[PDB]
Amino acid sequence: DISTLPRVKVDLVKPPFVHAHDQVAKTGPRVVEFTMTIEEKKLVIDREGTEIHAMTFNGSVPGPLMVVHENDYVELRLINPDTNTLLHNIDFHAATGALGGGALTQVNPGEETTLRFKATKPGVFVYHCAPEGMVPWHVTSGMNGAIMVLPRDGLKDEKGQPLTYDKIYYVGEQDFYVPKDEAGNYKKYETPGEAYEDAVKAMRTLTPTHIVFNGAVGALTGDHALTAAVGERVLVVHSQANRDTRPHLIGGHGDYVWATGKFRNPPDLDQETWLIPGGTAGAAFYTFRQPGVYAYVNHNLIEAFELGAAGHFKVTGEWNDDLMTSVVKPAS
């Protein structure tokens, strides 16, 4: 009887940060309430000033990470304001039935809807927009995110012992297909609808023009680098709603990795690089052992360093010479 369950309202935060939550459930099953507003907006995606008409959940690419526990109910109020121009909906890979909620959430500009589903399977899962006839266009314009459904007793290692993270980040990786004129210059459009047939043609090449973390080349660098300290346990959730990726922490490892993101399976240990298939979210747990700058990349290094799929961690603490040292510094 759902009306007897506690309700809790969560305010979402912008990626790569994640809203507050408990790893081990401190209550019984709850109805967890979320609100997202759809925003179509112009986004500058690279250093050259290339602009696209992005389609977003809550103003960001990716959409925010939602966190619940196994056998909670998720109740999402989805708002499509009349300042938008397109029909949108939402499909949760975490959910069972009705195209993951897609069939029940079709909202025209000026409409809203509220969907409830039971989170029956633990793991990280993609969510994305999926309107009839225009699915890849919405998804590859940025309209995707992820949801984490934790086991009620938190994460476990391959021997079933508790794994507790100190920090959690969400990296959403996005393949964009910006249309090009004859010479290879990127085209510009006044509205999302103008771009449609050119977008379809660009998509059919299967060759992205940009592949980015958190919505732009360089978004997770500088003042926006991810941070940690030596000794901290970090969980990095990574999603790709459309195309395969192969994350790698340069200078580190994935100590425990759920590459296809489903926590009832034992983690893979000591990964250098792992494959997250398009349409999947994965999670990797690492304990930092050395300070300094780390690069977190898609390890197709062209996709990383030429197309944009690279971010940074900045890690503070003590250097350990037993793990690595320069014996003879570069010299003639």
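Numbering starts at 1 and runs along the sequence shown. Under this definition, the rigid core comprises the largest set of C-alpha atoms superposing within 1.5 Å between the forms.
- After superposing on the rigid core, the larger RMS C-alpha deviation in 7 other deposited structures of this protein belongs to 188-196, the other candidate being whichever of 188-196 and 222-230 remains.
- Between stretches 174-182 and 89-97, the one whose Cα atoms sit farther from the displayed model in 7 other deposited structures of this protein on average is 174-182 (core-aligned, root mean square).
- For the pair 200-208 and 138-146, the mean B factor over Cα atoms is greater in 200-208.
- Checked against the record, the higher mean CA B factor of 69-77 and 158-166 lies with 158-166.
- Across the options 49, 277, 267, 64, the residue with the most elevated CA B-factor in the record is 49.
- Of the candidates 126, 90, 259, 225, the one whose C-alpha carries the top B factor in the deposited record is 225.
- In the PDB entry, a CA B factor belonging to the highest third of its chain's modelled residues is recorded for residue 44.
- In this PDB entry, the Cα temperature factor of residue 291 sits in the middle third of its chain's modelled residues.
- Among the modelled residues of the chain, residue 132 sits in the highest third by CA temperature factor in this PDB entry.
- Ranked against the other modelled residues of its chain, the C-alpha B-factor of residue 243 as given in the entry falls in the lowest third.
- Among the modelled residues of its chain, residue 35 has a C-alpha B-factor that falls in the middle third according to the deposited record.
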